[PDB]
Amino acid sequence: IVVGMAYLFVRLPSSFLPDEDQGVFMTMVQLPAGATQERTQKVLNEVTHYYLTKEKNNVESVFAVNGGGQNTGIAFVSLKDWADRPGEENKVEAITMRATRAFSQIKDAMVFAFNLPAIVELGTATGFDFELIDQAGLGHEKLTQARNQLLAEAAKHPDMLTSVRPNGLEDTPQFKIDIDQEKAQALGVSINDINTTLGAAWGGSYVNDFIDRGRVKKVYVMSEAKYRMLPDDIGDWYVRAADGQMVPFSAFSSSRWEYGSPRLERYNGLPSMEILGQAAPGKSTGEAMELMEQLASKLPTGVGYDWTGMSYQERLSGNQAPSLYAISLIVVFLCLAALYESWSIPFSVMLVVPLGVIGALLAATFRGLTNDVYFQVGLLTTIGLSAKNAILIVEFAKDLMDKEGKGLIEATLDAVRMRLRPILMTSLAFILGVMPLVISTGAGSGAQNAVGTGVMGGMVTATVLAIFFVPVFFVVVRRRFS
Amino acid sequence: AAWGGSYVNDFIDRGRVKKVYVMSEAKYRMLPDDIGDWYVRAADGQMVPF
Amino acid sequence: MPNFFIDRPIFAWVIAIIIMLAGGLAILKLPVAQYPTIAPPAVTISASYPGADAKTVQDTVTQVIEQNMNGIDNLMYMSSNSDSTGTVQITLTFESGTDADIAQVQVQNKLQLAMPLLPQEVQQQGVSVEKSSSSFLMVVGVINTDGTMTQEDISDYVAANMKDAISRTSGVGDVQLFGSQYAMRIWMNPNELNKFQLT
Amino acid sequence: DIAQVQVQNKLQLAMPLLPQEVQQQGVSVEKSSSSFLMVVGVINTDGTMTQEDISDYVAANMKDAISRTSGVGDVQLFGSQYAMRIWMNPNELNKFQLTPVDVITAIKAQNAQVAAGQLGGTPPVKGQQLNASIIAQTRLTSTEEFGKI
Amino acid sequence: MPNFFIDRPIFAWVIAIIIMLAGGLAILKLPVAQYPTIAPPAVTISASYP
Amino acid sequence: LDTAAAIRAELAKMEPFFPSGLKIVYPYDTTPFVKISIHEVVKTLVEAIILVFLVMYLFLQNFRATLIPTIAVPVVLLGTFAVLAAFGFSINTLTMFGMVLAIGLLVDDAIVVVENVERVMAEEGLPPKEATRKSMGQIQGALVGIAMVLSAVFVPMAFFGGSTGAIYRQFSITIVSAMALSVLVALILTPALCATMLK
Amino acid sequence: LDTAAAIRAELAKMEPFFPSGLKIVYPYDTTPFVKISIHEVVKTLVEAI
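Protein chains in written order, with the authors' numbering: chain R, 548 to 1029; chain W, 747 to 796; chain C, 1 to 199; chain F, 101 to 249; chain L, 1 to 50; chain E, 300 to 498; chain A, 300 to 348.
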């Protein structure tokens, strides 16, 4: 049973907190470059069309928000009441999947649909967050190239690493306007006039405030739409020279195209590039991290690396928490030795622990569930309950030995029948008591299940095993040490 | 600006923003008489010594 | 202490009833959340250079903020985003359980060490230091059934009657309006500007 | 903490009263001990870089990152970060008939970073398919660039 | 409370061992300085007119 | 929830003075979720009480003997909330689940207390008042040591794990509180009730 | 000591990317003093035992 317990313990996957249906979820829309507002709006409208038409029975309201910037989009999808969405075919787990599957079609639009990672910004699961550092004066080009090298080499190891991608944006075309200073002075125009006209016409300008219906608001000056949509329109503008002649922009400004990033990222002062990615379906986040740290070492000199966010988690479980378990076990052994006044006798209690863990593991494994916080607190609860159940038996027996003088071979079984009924009572009552948890349907059900199953299985197995094992646990310990 | 230097504006050195100071060269700010070596431009167009 | 309470039942009854009253009270005043505050404090500074480009924004606003950012207590890491839309967003993260208030204050203290270094346009558009979570609590949508007012009108109204009053309420760290408050727009015409010879 | 805060609150009650040169050079409020903890010296064995070079490097790669670490209240650099130095020559300034003011202004004019909007940004006319930011004058990056001003 | 612990040794052993574990922990997490913060707080403002 | 509850307050002061056609909608509300979460936990709490009562009546076939563990449930549970207020804990999901788990390690103590006295009465025929003395005096040290060891399995989980560990603390304190309370009740209320109610 | 221990942490992330000839030195360290102080107290503790 101990062996099978260990096997079931290492075979069982790990998780933190289950994704609970919150009645609402989100939909991300990313467009290429530069991608005008109209395209984004068209995509958002396709999305809304899906959620309103192909899913009337569940979706209630789609608060789509175009903005910041033109090529981005985001939709807050609300769903109908839980009681009006029965089955797995109506919960977020299927809605988001079906939706994103349907959004696979959309051309030139990275559109995804996802559920809220449990709570606030506690999305400290789902892969990692590798950050690439410009530890020298390399610039932006070589940083882009290095990040490209990493993103290229990381797609050649799909056996312990996956979904290796940047999170920011890629370089987009830009419009460079070379203001020839000499010609500007020669023609007799002020450079301040030039820059001011340019920035006010094409970028708008905060002039001063004004008063609208009792409330102070702003006054922006900016060219009309028609004269700032195309490159040639640069020529349509004239600045006033020193003499009194109006001078076109083409007269001194030489325009051309170029390339620049639209989302420069910096980490701890230095220029940086964020790289997202998941771990392989079989491997751990840790080994993915190690692989990444080995790949980033193959990078050109000057490019460093650092872990942030859900990679600065940090450390370590399960790789340290077993020390909490261990010291707790030690302390328990101590207090047990205190109650029994023996260094051996408490072992009869200590050996009752795996009789419950084997039930939690079996329950969690035979339900597709996973070892999470709920499973672990249910585990500790289980071992504590079983500990109680055993402790009372052994204490009863030792009372029968040190008060009357009855030998173990009689005192044990005499005490067990003196303890059988309450054990069965507590057991059955608590097993039926957690039944609503394991039975819970919808609305926080993942949690009530994760708490329910492991607890119930663990309790059943503990109470059907210890009831035959503890009386043997004692006599073995008692004989061997006297 | 000549004798005490002056913070003009910033500039970019290898990705990092630093400062740009204007200030006379060493030779022309070491002795009192050097005050006379400086000329300021009048309103008309004539340069005037200190 | 059994056979003392066993002899005097009402005493035990008093203890238990007092306990039940204490719990009965403490279930009214106690806040009802989903989970405790687990996420680390995240103080965020935000600026906007109107009509600027990414490098223009980073080299003249972001970088001049990052350098002055030092000598701050329990700082874990600093990540700054410089957007081509003319926007800086620097998100400093602090240790778990760190006093949020102070962790915002020290930040703003070090911010206003470089405020006069920022462009006049940025200072006028104004920076903003907040201490908020990256996840939205709730979103309050405002619609028009009569069809009388467009989205810009509605946005103006909720900006001039609702946002400014809601945001003042404690606990609310950052209200992101889904629109824009009204503003006097002057849409220039270059043809007529050059015609009358004006810049 | 508070004892530093109240101080800075009362400082910025008179910030606009300070000269423009001071505000630009920037004030600084710290809460530190008058005694140094440890001093980290940086030397050059190859003889390739002088003390000003080393100071620049440790100012642009080390000081700014070390000081961010908590507990560190004040890092006094034993050198100076790099800076573009314009060493004027009064003889040649008067020769061409120029003042340091003309130089200053010429720098602020030819070495600047201007905001120049986007090609067809928001709001646009209906049917626009092109939206890209616009680059105008950017900062200068080398000695030579300030050289031909 | 002597003759109670005198009759049950392992109990006292448990108390002592728990104590030793507590101290064993509190010697790891506890900061190692030379002296406590004794000097009064000194906030310093600094400016420079070039 | 204080914030999202204050929102409706600051918002209902605008509803009357709204123009012709303005309607407020809530397209994103992560507040009734926690509501129909905690509520759906309280539900299972009650149901657990009921089923425990049913098993109790299924074994100990006395309608007043089954009241003893039933009464001893809200006593220990309510009192936990009081201690949770006295340490700074909130009525979140984790806490409530901690209560639902604490149910068993409450009713175990309770059932041991009652059934041992019952058995002593069924084997010695002692009058309940004396039988319960002779029983509590037989299971006292057992119950106390049990409290010590169970608290010993739960407490060390409060340390420390940072962000992830905060939850473990939420569970640890909530559970150990209910433990010590269950045992204090096991020496104060339960013996007294098993002395004055048992037939 | 937390600070002066975090210093070496934030500093060892720069050592590899250093130019040709840069060597770090510690000409002033009031940290190993406290070390060989407290250690020299623990010593007398043991000896007293």
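Every residue, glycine too, gets a C-beta built ideally from N, C-alpha and C.
key: beta-carbon residue 897 of chain R near the ligand ADP non-hydrogen atom, thresh 7 Å   = Looking for the ligand ADP in the displayed structure turns up nothing, as the structure carries no ligands at all.
query = List, in order along the chain, the chain R residues whose C-beta lies closer than 8 Å to that of residue 449 of chain E?
reply = What residue 449 of chain E touches in chain R: 931, 934, 935.
ask   = In chain L, which residues lie with their C-beta within 7 Å of the C-beta of residue 871 of chain R?
value = Taking a Cβ-Cβ threshold of 7 Å, none of the residues of chain L is close to residue 871 of chain R; the smallest such distance is about 12 Å.
key: Proximal residues to residue 41 of chain C (C-beta, below 6 Å), its chain only, five neighbours per side dropped   = Here the set comprises 94, 98, 100, 103.
Short CB-CB distance (under 8 Å) between residue 45 of chain L and chain F = Among the CB atoms of chain F, one or more fall inside 8 Å of the CB of residue 45 of chain L.
request  = Could you say which of W:749, W:765, W:791, W:783 lies nearest to residue 755 of chain W if we only look at CA atoms?
outcome  = For residue 755 of chain W, the nearest C-alpha among the options comes from W:765.
message = For a test of the three-state rule: what should DSSP assign to residue 796 of chain R, helix, strand or coil?
response = Residue state, collapsed to three classes: coil.
request  = Write down every uninterrupted run of the beta strand (DSSP E) in the stretch 756 to 798 of chain R whose length is 3 residues or greater and which is fully enclosed by it, in chain order.
outcome  = Taking only runs of at least 3 residues, the beta strand (DSSP E) segments lying wholly in the stretch 756 to 798 of chain R are 762 to 770, 785 to 787, 793 to 795.
Neighbour list for residue 181 of chain C in chain E, Cβ cutoff strictly below 7 Å = Here the premise fails: no neighbours, minimum Cβ distance about 16 Å.
ask   = residue 573 of chain R by DSSP, collapsed to three states: which one?
value = Residue 573 of chain R: strand per DSSP, three-state reduction.
query = What's the call for residue 762 of chain W, buried or exposed, on a 16-neighbour Cβ count within 10 Å?
reply = It counts as buried.
query = Would you say residue 20 of chain C and residue 359 of chain E are within 8 Å of each other, going by their C-beta atoms?
reply = It is not a contact, given that the beta carbons lie outside the stated cut-off.
query = Would you say residue 138 of chain C and residue 768 of chain R are within 8 Å of each other, going by their C-beta atoms?
reply = Using a Cβ distance threshold of 8 Å, residue 138 of chain C and residue 768 of chain R do not count as a contacting pair.
query = Thinking just about the alpha-carbon of each residue, which of E:348, E:451, E:368 is nearest to the one in residue 410 of chain E?
reply = Selected option, being the one with the closest Cα: E:368.
inquiry  = Only counting the same chain, and skipping five residues up and downstream in sequence, which positions put a Cβ closer than 6 Å to that of residue 745 of chain R?
reply    = Close CB contacts of residue 745 of chain R within its chain, under the 6 Å cut and outside five residues either way in sequence, are absent.
ask   = Quick one: Cα of residue 250 of chain F to Cα of residue 621 of chain R, how far?
value = Any property of residue 250 of chain F remains undetermined from this structure, which presents chain F solely from 101 to 249.
inquiry  = What ranges does the beta strand (DSSP E) occupy inside the stretch 413 to 441 of chain E, keeping only unbroken runs of at least 3 residues that lie completely in it?
reply    = Here no run is fully enclosed.
query = Is it the case that the Cβ atoms of residue 738 of chain R and residue 781 of chain R are separated by a distance below 8 Å?
reply = Taking 8 Å as the cut-off, the beta carbon of residue 738 of chain R is found no closer than this to the beta carbon of residue 781 of chain R.
query = Checking contacts by CB at 8 Å: is residue 758 of chain W closer than that to chain C?
reply = Proximity of residue 758 of chain W to chain C, defined by a Cβ-Cβ separation below 8 Å, is satisfied.
key: Beta carbon proximity, residue 776 of chain W to chain F, threshold 8 Å   = Judged by the 8 Å Cβ criterion, residue 776 of chain W is not in contact with chain F.
key: First through last residue of the beta strand (DSSP E) which encompasses residue 749 of chain W   = Following the DSSP letters along the chain, one finds residue 749 of chain W in no beta strand (DSSP E), marked with neither H nor E.
query = What do you get for residue 338 of chain E, buried or exposed, if any count of 16 or more other CB atoms within 10 angstroms of its CB means buried?
reply = Residue 338 of chain E should be labelled exposed.
query = Does any C-beta atom of chain E lie closer than 8 Å to the C-beta of residue 34 of chain C?
reply = Judged by the 8 Å Cβ criterion, residue 34 of chain C is in contact with chain E.
task = Specify, as a first and last residue, the run of the alpha helix (DSSP H) that residue 1003 of chain R falls within.
result = Its alpha helix (DSSP H) spans residues 992 to 1027.
Residues sharing a beta bridge with residue 612 of chain R, DSSP = Paired residue(s): R:621.
request  = Can you say whether residue 248 of chain F is buried or exposed, counting buried as having 16 or more other CB atoms within 10 angstroms of its CB?
outcome  = Exposed, by the Cβ-count rule.
inquiry  = Checking the sheet assignment: what are the DSSP bridge partners for residue 723 of chain R?
reply    = According to DSSP, residue 723 of chain R bridges with R:803, F:235.
query = Hey, residue 874 of chain R and residue 455 of chain E: beta-carbon distance below 8 Å or not?
reply = Cβ distance < 8 Å, so residue 874 of chain R and residue 455 of chain E count as in contact.
query = Which chain R residues are close to residue 19 of chain L, counting only those with a beta carbon under 7 Å from its beta carbon?
reply = Simply none; closest approach about 11 Å.
inquiry  = Below 7 Å on C-beta distance, what does residue 771 of chain R contact in chain C?
reply    = Simply 187, 188, 189.
ask   = Just the Cα atoms here: how many angstroms apart are residue 624 of chain R and residue 2 of chain C?
value = Approximately 59 Å between the Cα atoms of the pair.
key: Bridge partner(s) assigned by DSSP for residue 94 of chain C   = Answer is C:75.
Chain-ordered chain W contacts of residue 686 of chain R [CB-CB under 9 Å] = Within chain W, 760, 761 have C-beta atoms less than 9 Å from the C-beta of residue 686 of chain R, given in sequence order.
Residues that residue 322 of chain E bridges to, as DSSP identifies them = BP columns for residue 322 of chain E point to C:143.
ask   = Excluding sequence positions up to five away, which residues of its chain have a Cβ less than 6 Å from the Cβ of residue 863 of chain R?
value = Apart from the 5 residues on each side of it in sequence, residue 863 of chain R has no Cβ closer than 6 Å to any other Cβ in its chain.
message = Which residue marks the beginning of the alpha helix (DSSP H) containing residue 464 of chain E, and which one marks its end?
response = That run of the alpha helix (DSSP H) goes 461 to 495.
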